[PDB]
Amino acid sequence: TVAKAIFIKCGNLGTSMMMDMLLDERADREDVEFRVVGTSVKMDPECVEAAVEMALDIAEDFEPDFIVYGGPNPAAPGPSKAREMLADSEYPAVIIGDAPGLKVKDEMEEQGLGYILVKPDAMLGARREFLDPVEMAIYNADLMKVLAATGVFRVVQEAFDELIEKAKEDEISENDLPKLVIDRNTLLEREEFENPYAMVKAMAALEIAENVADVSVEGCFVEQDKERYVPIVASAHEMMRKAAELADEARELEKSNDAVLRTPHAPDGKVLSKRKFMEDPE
């Protein structure tokens, strides 16, 4: 049995960039089929409605088991429109967002929607005087390293792998949909790191990443004097570059102990596991 899902991407978040690929890392899974659609970085109501309409049009013939909408701020006008539309459909749906989505957690539960809110997936320093295409890619590279090496992406992988198993049995109820809020403390109960200083460095990285959002918000929405907001948004990006270095340090500590956790998918979808470098995943 093959699980099917549609992913909708409007605006950009580190987790939404990677969400679907974390589920079939080598494209050799025989038990899933996905469609991805979106309006690139635009996330205003008009564009989001168009993205969701594309998804629901495709859904008629594709018959997805679930639909995922990912992008910044579930509480903003565009994303709110996607929530209304998905909540109004027959398809089980999950919203992937950032910390600002906490504001509409109750609304989503009432809408029968699942959610994964990633607090360290911080908004970048989006002022024209600082953020050009290259800087936007450098920041996303640092954020991707943080979310991957700290183990945050493994939490997302697990949540979706569980939903995929239920999708195969056409047994996805509203109570099966995730209601997750990820942050620094999430790491305390993961079996991610064998070395404790790796866990602690990873936690420091996620704390710094979560803190970057407040700096970006101050420089993009509060401060209006350019002589002040340009340095402010740039400082947010310097923070994120150091958070990636902490995440890199944590991973190198696991390498020193030959204890790097790897959880690849088998062709039939089963999530395997290994720690030692030369050990086969099982």
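From 1 onward, residues are counted along the sequence shown. Each form is matched to the other, and the largest set of C-alpha atoms that superpose within 1.5 Å is called the rigid core.
- Once the structures in 6 other deposited structures of this protein are superposed via the core, the pair 68 to 76 and 166 to 174 is resolved in favour of 166 to 174 as the more displaced stretch (C-alpha RMS).
- Between 135 to 143 and 170 to 178, the higher mean Cα B-factor belongs to 170 to 178.
- The deposited model assigns a higher average Cα B-factor to 160 to 168 than to the other stretch when 160 to 168 and 90 to 98 are compared.
- Taking only the listed residues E60, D65, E238, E249, the entry reports the highest CA temperature factor at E60.
- Per the PDB record, residue ranking by Cα B-factor puts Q111 in the highest third of the chain.
- When the CA B factors of the chain's modelled residues are split into thirds, the value for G151 lands in the lowest one.
- Ranked against the other modelled residues of its chain, the C-alpha B-factor of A50 as given in the entry falls in the middle third.
- Residue-level temperature factors show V271 in the highest third of its chain, judged at the C-alpha atom.
- Sort the modelled residues of the chain by CA B factor and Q224 lands in the highest third.
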